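Asker: If you scroll down you'll find the structure; I have some questions about it.
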Amino acid sequence: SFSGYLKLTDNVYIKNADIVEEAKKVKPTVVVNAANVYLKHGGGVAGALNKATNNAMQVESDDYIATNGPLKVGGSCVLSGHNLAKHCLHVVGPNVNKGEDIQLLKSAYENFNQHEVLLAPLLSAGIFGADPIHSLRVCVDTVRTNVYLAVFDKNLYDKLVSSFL
Ligand SMILES: C[C@@H]1[C@@H](NC(=O)/C(=N/OC(C)(C)C(=O)O)c2csc(N)n2)C(=O)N1S(=O)(=O)O
């Protein structure tokens with residue numbers, strides 16, 4: 001299903017791509033959302049994935065929170081993938097701009113290990129305020145299942161690749 005990815009390790013793949021467009025095209029078993037603990041999908045990856053579901057992800061998420069309460073930072077829940085995927089794994093990476101502990105990034109990535117294959121963004125990057133080069137390192141040192149990383153920004157993609165150890 002997936003095409004055009006650079007192989008970084010035995011199990012981590014990366015591509016310069018819009019995760020929304022990739023989800024729509026591939027319809028993978030699991031797409032990862034870069035969520036917050038309230039599953040309020042306002043901006044960033046979450047805002048874009050939600051908009052691609054015509055707000056159906058937000059409606060489902062509102063029901064989830066009403067029933068179960070908020071996630072923990074570093075935690076996850078599995079919901080519908082709607083039109084993008086079979087399932088959406090909503091994962092909460094720490095938001096450095098809210099002062100959340102960057103050490104929880106490894107816990108966040110550990111959620112990915114419950115799924116054999118996933119399409120995902122770099123956790124805690126973008127508006128979550130962490131260094132994406134750090135995030136990718138934590139990814140490669142934590143995830144053991146097959147992860148296809150979609151990086152929207154071409155300059156960031158190039159830097160992630162060119163700096164990868
Ligand atoms: C240059 C990238 C920029 N990334 C983005 O803004 C990028 N958003 O998010 C992430 C998740 C990082 C991505 O590119 O996958 C995006 C989505 S739609 C658009 N026009 N740009 C960001 O703060 N950096 S930095 O290299 O980590 O400074």
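Identifiers for the structure tokens are assigned positionally: chains receive A, B, ... in sequence, residues are indexed from 1 per chain, and ligands are indexed from 1 in the order shown.
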Using only C-alpha atoms, I'd like a table of the residues in stretch 53-111 of chain A that come within 10 Å of stretch 118-139 of chain A; for each, show the closest atom pair and its distance in Å rounded to one decimal, ordered by chain and ascending number, as a tab-separated table.
Answerer:
residue	atom	partner	partner_atom	distance
A:85	CA	A:119	CA	9.4
A:87	CA	A:118	CA	9.8
A:88	CA	A:118	CA	9.6
A:89	CA	A:118	CA	8.8
A:91	CA	A:123	CA	8.1
A:92	CA	A:123	CA	7.9
A:93	CA	A:124	CA	5.0
A:94	CA	A:124	CA	5.9
A:95	CA	A:128	CA	4.4
A:96	CA	A:129	CA	5.2
A:97	CA	A:129	CA	5.7
A:98	CA	A:128	CA	8.3
A:99	CA	A:129	CA	9.7
A:100	CA	A:128	CA	9.6
A:102	CA	A:130	CA	7.7
A:103	CA	A:138	CA	9.9
A:104	CA	A:124	CA	9.8
A:105	CA	A:124	CA	7.2
A:106	CA	A:138	CA	6.1
A:107	CA	A:138	CA	9.8
A:108	CA	A:123	CA	7.7
A:109	CA	A:139	CA	6.2
A:110	CA	A:139	CA	8.7
Asker: DSSP on the backbone, then: every residue of stretch 6-165 of chain A marked strand (DSSP E), written as number ranges by chain.
Answerer: A: 6-7, 12-16, 30-34, 76-80, 87-91, 117-120, 146-151
Asker: Would you save the residues of that selection, restricted to N, CA and C atoms, as an mmCIF file, in the first residue's frame?
Answerer:
data_model
loop_
_atom_site.group_PDB
_atom_site.id
_atom_site.type_symbol
_atom_site.label_atom_id
_atom_site.label_comp_id
_atom_site.auth_asym_id
_atom_site.auth_seq_id
_atom_site.Cartn_x
_atom_site.Cartn_y
_atom_site.Cartn_z
ATOM 1 N N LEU A 6 11.412 6.369 2.413
ATOM 2 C CA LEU A 6 12.805 6.079 2.708
ATOM 3 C C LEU A 6 12.835 5.184 3.933
ATOM 4 N N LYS A 7 13.665 4.150 3.846
ATOM 5 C CA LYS A 7 13.838 3.213 4.937
ATOM 6 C C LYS A 7 14.949 3.730 5.845
ATOM 7 N N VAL A 12 11.392 1.503 10.648
ATOM 8 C CA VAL A 12 10.950 2.886 10.536
ATOM 9 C C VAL A 12 11.183 3.358 9.107
ATOM 10 N N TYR A 13 10.126 3.941 8.532
ATOM 11 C CA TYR A 13 10.092 4.492 7.193
ATOM 12 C C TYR A 13 9.659 5.959 7.262
ATOM 13 N N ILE A 14 10.138 6.784 6.323
ATOM 14 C CA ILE A 14 9.755 8.177 6.347
ATOM 15 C C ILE A 14 9.521 8.663 4.925
ATOM 16 N N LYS A 15 8.607 9.629 4.777
ATOM 17 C CA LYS A 15 8.317 10.237 3.491
ATOM 18 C C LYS A 15 7.937 11.698 3.713
ATOM 19 N N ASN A 16 8.289 12.549 2.731
ATOM 20 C CA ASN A 16 7.811 13.918 2.696
ATOM 21 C C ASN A 16 6.409 13.901 2.103
ATOM 22 N N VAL A 30 -4.206 1.547 10.594
ATOM 23 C CA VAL A 30 -4.073 2.522 11.669
ATOM 24 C C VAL A 30 -3.406 3.797 11.162
ATOM 25 N N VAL A 31 -4.085 4.923 11.404
ATOM 26 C CA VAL A 31 -3.481 6.245 11.311
ATOM 27 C C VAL A 31 -3.374 6.803 12.724
ATOM 28 N N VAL A 32 -2.205 7.389 13.008
ATOM 29 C CA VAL A 32 -1.984 8.020 14.292
ATOM 30 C C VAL A 32 -2.374 9.488 14.206
ATOM 31 N N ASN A 33 -3.151 9.933 15.209
ATOM 32 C CA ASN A 33 -3.424 11.335 15.398
ATOM 33 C C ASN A 33 -2.530 11.900 16.495
ATOM 34 N N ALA A 34 -2.074 13.128 16.289
ATOM 35 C CA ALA A 34 -1.330 13.848 17.301
ATOM 36 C C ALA A 34 -2.339 14.565 18.208
ATOM 37 N N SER A 76 -2.986 6.813 25.012
ATOM 38 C CA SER A 76 -3.653 6.684 23.733
ATOM 39 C C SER A 76 -5.010 6.017 23.905
ATOM 40 N N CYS A 77 -5.817 6.131 22.850
ATOM 41 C CA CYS A 77 -7.048 5.387 22.703
ATOM 42 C C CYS A 77 -7.244 5.106 21.224
ATOM 43 N N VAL A 78 -7.943 4.003 20.949
ATOM 44 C CA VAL A 78 -8.232 3.621 19.586
ATOM 45 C C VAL A 78 -9.685 3.959 19.292
ATOM 46 N N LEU A 79 -9.886 4.772 18.261
ATOM 47 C CA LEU A 79 -11.205 5.079 17.779
ATOM 48 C C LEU A 79 -11.293 4.752 16.282
ATOM 49 N N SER A 80 -12.470 5.058 15.716
ATOM 50 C CA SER A 80 -12.687 4.883 14.294
ATOM 51 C C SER A 80 -11.706 5.700 13.452
ATOM 52 N N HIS A 87 -8.830 2.353 11.710
ATOM 53 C CA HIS A 87 -8.776 2.816 13.086
ATOM 54 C C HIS A 87 -7.930 4.081 13.179
ATOM 55 N N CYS A 88 -8.285 4.954 14.130
ATOM 56 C CA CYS A 88 -7.405 6.059 14.503
ATOM 57 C C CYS A 88 -6.839 5.819 15.916
ATOM 58 N N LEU A 89 -5.518 5.690 16.012
ATOM 59 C CA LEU A 89 -4.844 5.679 17.294
ATOM 60 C C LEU A 89 -4.510 7.119 17.694
ATOM 61 N N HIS A 90 -5.289 7.640 18.640
ATOM 62 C CA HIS A 90 -5.046 8.972 19.167
ATOM 63 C C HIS A 90 -3.985 8.871 20.257
ATOM 64 N N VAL A 91 -2.816 9.482 20.009
ATOM 65 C CA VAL A 91 -1.689 9.439 20.934
ATOM 66 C C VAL A 91 -1.367 10.863 21.374
ATOM 67 N N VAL A 117 1.325 -2.287 12.015
ATOM 68 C CA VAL A 117 1.663 -1.274 11.027
ATOM 69 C C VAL A 117 0.883 -0.005 11.331
ATOM 70 N N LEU A 118 1.527 1.167 11.188
ATOM 71 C CA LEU A 118 0.883 2.458 11.405
ATOM 72 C C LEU A 118 1.433 3.494 10.434
ATOM 73 N N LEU A 119 0.556 4.414 10.009
ATOM 74 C CA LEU A 119 0.912 5.672 9.383
ATOM 75 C C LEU A 119 0.855 6.743 10.473
ATOM 76 N N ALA A 120 1.931 7.543 10.625
ATOM 77 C CA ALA A 120 2.018 8.444 11.772
ATOM 78 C C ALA A 120 2.795 9.726 11.471
ATOM 79 N N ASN A 146 6.101 -1.625 12.555
ATOM 80 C CA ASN A 146 6.355 -0.982 11.274
ATOM 81 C C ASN A 146 5.633 0.357 11.202
ATOM 82 N N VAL A 147 6.422 1.430 11.187
ATOM 83 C CA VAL A 147 5.878 2.781 11.243
ATOM 84 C C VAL A 147 6.322 3.551 10.010
ATOM 85 N N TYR A 148 5.321 4.100 9.327
ATOM 86 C CA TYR A 148 5.451 4.948 8.168
ATOM 87 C C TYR A 148 5.183 6.393 8.587
ATOM 88 N N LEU A 149 6.262 7.208 8.627
ATOM 89 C CA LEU A 149 6.213 8.568 9.141
ATOM 90 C C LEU A 149 6.014 9.520 7.972
ATOM 91 N N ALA A 150 4.991 10.366 8.093
ATOM 92 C CA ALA A 150 4.699 11.378 7.104
ATOM 93 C C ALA A 150 5.109 12.735 7.663
ATOM 94 N N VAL A 151 6.046 13.391 6.967
ATOM 95 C CA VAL A 151 6.547 14.693 7.366
ATOM 96 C C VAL A 151 6.140 15.698 6.295
#
Asker: Could you tell me, as an MDAnalysis selection string, which residues of stretch 20-138 of chain A DSSP assigns to alpha helix (DSSP H) when given the backbone?
Answerer: chainID A and resid 20:26 44:52 56:68 104:110 132:138
Asker: Looking at only C-alpha atoms, which of A:159, A:72, A:144, A:41 is the one that sits closest to residue A:56?
Answerer: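 So, comparing all the options, the nearest one is A:41.
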Asker: Pick the closest to ligand 1 from A:158, A:153, A:18, A:141: which is it, counting only C-alpha atoms and all ligand atoms?
Answerer: A:153
Asker: Which of these, A:11, A:155, A:58, A:29, has the shortest distance to ligand 1 once you count only C-alpha atoms and all ligand atoms?
Answerer: A:155
Asker: Given only C-alpha atoms and all ligand atoms as the basis, pick out the residue of A:114, A:101, A:154, A:22 nearest to ligand 1.
Answerer: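 Of A:114, A:101, A:154, A:22, the one nearest ligand 1, counting only C-alpha atoms and all ligand atoms, is A:154.
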Asker: Of the residues A:69, A:47, A:28, A:4, which is the one nearest to ligand 1, using only C-alpha atoms and all ligand atoms?
Answerer: A:47
Asker: Which polymer residues have any atom within 8 Å of an atom of residue A:39, counting only C-alpha atoms, with same-chain residues fewer than 3 positions away left out, as a PyMOL selection string?
Answerer: chain A and resi 35-36+58+61-62+65+70+90
